[PDB]
Amino acid sequence: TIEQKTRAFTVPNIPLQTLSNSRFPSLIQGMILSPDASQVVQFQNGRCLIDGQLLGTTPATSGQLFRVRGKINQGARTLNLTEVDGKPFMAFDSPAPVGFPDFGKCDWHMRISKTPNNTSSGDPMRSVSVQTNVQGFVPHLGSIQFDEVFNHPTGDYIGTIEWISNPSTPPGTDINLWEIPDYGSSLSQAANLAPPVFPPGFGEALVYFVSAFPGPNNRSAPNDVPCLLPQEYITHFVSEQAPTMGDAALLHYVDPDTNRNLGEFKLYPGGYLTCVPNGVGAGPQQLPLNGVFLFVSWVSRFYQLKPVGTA
Amino acid sequence: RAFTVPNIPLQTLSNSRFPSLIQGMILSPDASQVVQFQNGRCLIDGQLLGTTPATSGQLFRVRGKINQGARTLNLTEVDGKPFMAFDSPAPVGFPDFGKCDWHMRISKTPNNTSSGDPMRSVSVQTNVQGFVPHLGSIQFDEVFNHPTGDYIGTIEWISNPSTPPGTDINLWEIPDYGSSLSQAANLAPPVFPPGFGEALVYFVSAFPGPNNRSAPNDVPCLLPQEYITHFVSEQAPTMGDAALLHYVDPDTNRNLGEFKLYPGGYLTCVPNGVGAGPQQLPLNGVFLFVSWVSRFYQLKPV
Ligand SMILES: CC(=O)N[C@H]1[C@H](Oc2ccc([N+](=O)[O-])cc2)O[C@H](CO)[C@@H](O[C@@H]2O[C@@H](C)[C@@H](O)[C@@H](O)[C@@H]2O)[C@@H]1O[C@@H]1O[C@H](CO)[C@H](O)[C@H](O)[C@H]1O[C@@H]1O[C@@H](C)[C@@H](O)[C@@H](O)[C@@H]1O
Ligand SMILES: CC(=O)N[C@H]1[C@H](Oc2ccc([N+](=O)[O-])cc2)O[C@H](CO)[C@@H](O[C@@H]2O[C@@H](C)[C@@H](O)[C@@H](O)[C@@H]2O)[C@@H]1O[C@@H]1O[C@H](CO)[C@H](O)[C@H](O)[C@H]1O[C@@H]1O[C@@H](C)[C@@H](O)[C@@H](O)[C@@H]1O
Ligand code: NA
Ligand code: NA
């Protein structure tokens with residue numbers, strides 16, 4: 001319809017501290033730049049074009065996000081993946097089931113249970129671990145491998161990653177949440193992976209939203225999980241499907257108390273935000289978390305942003 | 001601002017009492033069922049009630065401080081900000097699962113170590129003297145012989161309440177937020193059956209744990225969480241007694257049923273006798289706002 005093709009672009013009118021990470025369900029705790037200025041990312045969750053087109057394994061909502069479901073035989077180590085709702089995973093069409101975790105360079109410590117409940121007593125929860133750099137980690141081929149033999153009843157199991165730690169192999173490897181796992185194998189590459197996102201250059205830098213995920217690391221610091229878009233943005237774009245009318249959407253990060261602009265950002269149609277750091281050490285990490293991004297105007301990709309933060 | 005609801009299929013939307021996809025749309029088994037959920041409560045002009053969070057990120061989490069050797073978790077908000085006692089039933093997003101024991105998994109935050117499994121299992125009874133979230137604290141079943149600190153987590157599975165004996169899980173109920181000397185302030189009010197041919201619609205999702213029926217633990221809620229987020233963001237003024245919605249098949253554009261969304265944040269329909277109701281409908285439909293209507297607007301039976 002005319003209304004559909006002329007629908008004005010909008011973003012959710014909710015402060016950042018109230019929005020959610022799109023790589024796992026949790027409130028956003030901060031904005032950062034990548035420590036390495038040359039960092040290329042290829043996250044498979046939290047990927048959505050601003051006209052509402054989902055990419056990779058990205059779910060429309062938080063409900064499928066960061067869940068794992070599959071069938072496993074008693075005495076086996078192989079979890080044969082399905083979609084979160086139990087329907088078959090059509091492999092070769094996607095890197096993994098919708099919402100499947102994209103945490104690379106770490107051991108996964110999972111909690112799962114047999115579904116649906118058919119018990120009248122007892123604790124249903126089971127702890128399993130998954131290494132992602134072993135030959136058995138082939139979600140694109142429809143399966144992942146647990147570390148130990150699964151001595152529990154054959155059936156349909158659902159759960160999630162509860163905490164993460166350094167990869168078991170090779171020794172001395174630290175967690176790196178900037179990376180995704182290898183979804184395929186040596187004989188078969190992962191098909192329909194969401195594309196990489198490169199640093200924009202020319203004074204601009206990618207902005208990442210971070211939330212702490214449980215687990216230790218070599219720095220004795222939180223495992224901060226970076227993502228490109230709040231999940232609420234993704235849901236909003238999927239619902240609205242507003243046509244993209246320019247090269248980039250100019251956003252102002254506005255202080256709700258004073259109505260003053262705290263920072264200028266560009267939201268690119270590919271579903272990521274950039275800013276211009278105001279010198280070395282400056283960036284969006286210096287901004288308070290109670291601001292609201294407001295859509296100002298469609299702009300050219302060449303439009304220059306006022307630098308953000310203080311050196 | 002014109003009123004709208006999200007353009008997303010129901011099966012893709014989330015429960016507002018815990019983060020999970022909606023798996024069903026039902027009437028209460030008891031037609032006289034009164035509910036008083038504290039989560040999933042939002043006026044349709046975007047005003048949150050009870051303990052309801054604006055978004056899923058805050059929903060169904062518990063955070064607080066606990067000392068090594070103690071049983072008491074002194075609650076904060078999910079982001080770590082102080083919780084004000086006597087003001088509300090519990091911190092925003094605090095679970096509202098009544099009539100069950102809670103089996104939780106929690107961990108000390110932020111991480112400050114290079115080694116070890118951080119996860120701790122604790123259990124909470126909600127009908128005991130020590131369950132006083134309105135006063136800012138809850139009591140674990142056992143002494144917490146783990147490091148002192150700031151802990152965050154959630155309920156992992158539920159089971160029958162420990163007391164009194166022979167009590168089964170009833171997720172239609174909420175816990176007793178109050179104390180021996182003080183009732184909980186600012187509880188979201190009860191929602192009563194509408195009568196006059198109409199019935200409340202509930203969205204259900206299964207939660208882990210055993211029960212006496214050896215079947216799923218079904219959690220009913222009044223609104224999808226995404227609707228709540230949408231209303232909070234949009235702040236569209238309520239301009240009639242009820243918002244008439246059509247539940248539409250997106251593949252064919254066929255209207256599958258008429259519903260009324262009331263200002264208080266709940267949906268009704270008219271069942272076409274016994275056996276009829278919204279549970280007969282496919283879950284891939286999208287609700288669409290049609291018009292503001294009066295309270296006495298007669299819905300076509302579903
Ligand atoms: C404290 C505990 O573990 N209670 C168990 C109970 O345990 C024992 C019974 C007898 C001895 N003994 O010989 O000396 C030792 C331990 O075992 C019963 C029967 O299996 C458990 O009740 C059953 O499972 C529950 C999950 C419920 O489905 C219940 O209806 C079943 O009958 C009992 O578990 C506790 O039951 C309580 C209700 O009566 C309540 O639900 C409580 O939360 C349950 O405790 C949890 O589940 C246990 C299996 C265990 O994991 C415990 O740590 C949990 O808190
Ligand atoms: C298999 C295992 O449990 N490995 C542990 C290791 O455990 C033992 C040490 C010594 C004996 N013994 O003398 O007989 C027996 C068992 O203990 C080290 C610490 O000394 C653990 O490594 C440390 O904690 C990890 C969580 C990481 O942060 C790591 O960097 C720390 O050094 C080690 O845990 C395993 O470390 C692996 C990396 O080297 C990898 O991260 C793996 O996932 C870890 O195993 C998990 O965490 C354990 C604590 C345990 O809960 C296990 O079940 C998990 O899979
Ligand atoms: Na692989
Ligand atoms: Na109480």
# chains A, B, ... in the order shown; residues from 1 in each chain; ligands from 1
>>> residues_around(residues="residue B:268", least_positions_apart="6", cutoff="8 Å", atoms="only C-alpha atoms", output="ChimeraX atom specification")
/B:194,198-201,259-262
>>> closest_atom_pairs(of="chain B", to="ligand 2", cutoff="9 Å", atoms="only C-alpha atoms and all ligand atoms", output="Markdown table")
| residue | atom | partner | partner_atom_place_in_ligand_line | distance |
| --- | --- | --- | --- | --- |
| B:113 | CA | ligand 2 | 28 (O) | 8.0 |
| B:114 | CA | ligand 2 | 28 (O) | 5.0 |
| B:115 | CA | ligand 2 | 24 (O) | 3.5 |
| B:116 | CA | ligand 2 | 49 (C) | 4.0 |
| B:117 | CA | ligand 2 | 51 (O) | 4.7 |
| B:118 | CA | ligand 2 | 51 (O) | 8.5 |
>>> residues_near_ligand(ligand="ligand 3", cutoff="6 Å", atoms="only C-alpha atoms and all ligand atoms", output="PyMOL selection string")
chain A and resi 135+137-138+182-185
>>> interface_residues(of="chain B", to="chain A", cutoff="7 Å", atoms="only C-alpha atoms", output="PyMOL selection string")
chain B and resi 6-8+12-14+19-21+55+57-58+110-116+118+208-216+233
>>> residues_around(residues="residue B:265", least_positions_apart="3", cutoff="10 Å", atoms="only C-alpha atoms", output="compact mmCIF listing (two decimals) with N, CA, C and O atoms, in the first residue's frame")
# COMPACT_ATOMS: atom_id res chain seq x y z
N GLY B 40 3.91 -8.33 33.33
CA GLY B 40 3.03 -8.30 32.17
C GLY B 40 1.81 -7.42 32.37
O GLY B 40 0.74 -7.71 31.83
N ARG B 41 1.98 -6.35 33.15
CA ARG B 41 0.89 -5.43 33.47
C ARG B 41 1.23 -4.04 32.95
O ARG B 41 2.16 -3.39 33.43
N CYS B 42 0.47 -3.58 31.96
CA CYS B 42 0.75 -2.30 31.33
C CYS B 42 -0.53 -1.73 30.77
O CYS B 42 -1.22 -2.40 30.00
N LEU B 43 -0.86 -0.49 31.14
CA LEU B 43 -1.97 0.22 30.50
C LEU B 43 -1.57 0.47 29.05
O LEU B 43 -0.39 0.68 28.76
N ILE B 44 -2.55 0.42 28.15
CA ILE B 44 -2.23 0.44 26.72
C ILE B 44 -1.75 1.80 26.19
O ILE B 44 -1.34 1.90 25.03
N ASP B 45 -1.77 2.82 27.05
CA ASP B 45 -1.14 4.10 26.73
C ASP B 45 0.32 4.16 27.19
O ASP B 45 0.96 5.21 27.09
N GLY B 46 0.83 3.03 27.68
CA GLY B 46 2.25 2.89 28.00
C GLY B 46 2.66 3.09 29.44
O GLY B 46 3.79 3.48 29.72
N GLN B 47 1.74 2.81 30.37
CA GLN B 47 2.01 2.97 31.79
C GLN B 47 2.15 1.62 32.48
O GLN B 47 1.20 0.84 32.56
N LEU B 48 3.35 1.34 32.98
CA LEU B 48 3.67 0.08 33.64
C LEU B 48 3.04 -0.02 35.03
O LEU B 48 2.96 0.98 35.75
N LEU B 49 2.60 -1.22 35.40
CA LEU B 49 2.03 -1.49 36.72
C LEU B 49 2.78 -2.60 37.43
O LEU B 49 3.50 -3.38 36.80
N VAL B 191 -7.52 -8.54 38.02
CA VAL B 191 -8.28 -8.48 36.78
C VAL B 191 -9.38 -9.54 36.88
O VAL B 191 -9.10 -10.73 37.06
N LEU B 222 -1.02 -11.85 30.48
CA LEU B 222 -2.08 -11.05 29.86
C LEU B 222 -1.71 -10.40 28.53
O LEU B 222 -2.58 -10.13 27.71
N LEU B 223 -0.42 -10.12 28.34
CA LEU B 223 0.06 -9.40 27.16
C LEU B 223 1.43 -9.91 26.76
O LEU B 223 2.25 -10.21 27.62
N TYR B 227 4.35 -6.14 23.18
CA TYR B 227 3.25 -5.17 23.22
C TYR B 227 3.53 -4.11 24.28
O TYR B 227 3.34 -2.92 24.04
N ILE B 228 4.00 -4.56 25.44
CA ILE B 228 4.34 -3.66 26.53
C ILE B 228 5.44 -2.68 26.12
O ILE B 228 5.31 -1.47 26.31
N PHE B 231 3.95 -0.14 23.70
CA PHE B 231 3.12 0.87 24.35
C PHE B 231 3.96 1.89 25.12
O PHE B 231 3.69 3.09 25.07
N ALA B 242 -12.46 0.46 24.42
CA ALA B 242 -11.68 -0.72 24.05
C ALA B 242 -11.13 -0.55 22.65
O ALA B 242 -11.71 0.15 21.81
N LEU B 261 -9.14 -5.24 23.15
CA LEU B 261 -8.04 -4.89 24.05
C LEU B 261 -8.47 -3.71 24.92
O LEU B 261 -8.68 -2.61 24.43
N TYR B 262 -8.61 -3.96 26.22
CA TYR B 262 -9.10 -2.94 27.14
C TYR B 262 -7.98 -2.03 27.64
O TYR B 262 -6.82 -2.43 27.62
>>> residues_around(residues="stretch 124-135 of chain B", least_positions_apart="6", cutoff="7 Å", atoms="only C-alpha atoms", output="list in words")
residues 85, 86, 88, 89, 90, 101, 102, 103, 141, 161, 175, 176, 177, 178, 179 and 184 of chain B
>>> closest_residue(among="B:185, B:169, B:106, B:236", to="ligand 1", atoms="only C-alpha atoms and all ligand atoms")
B:169
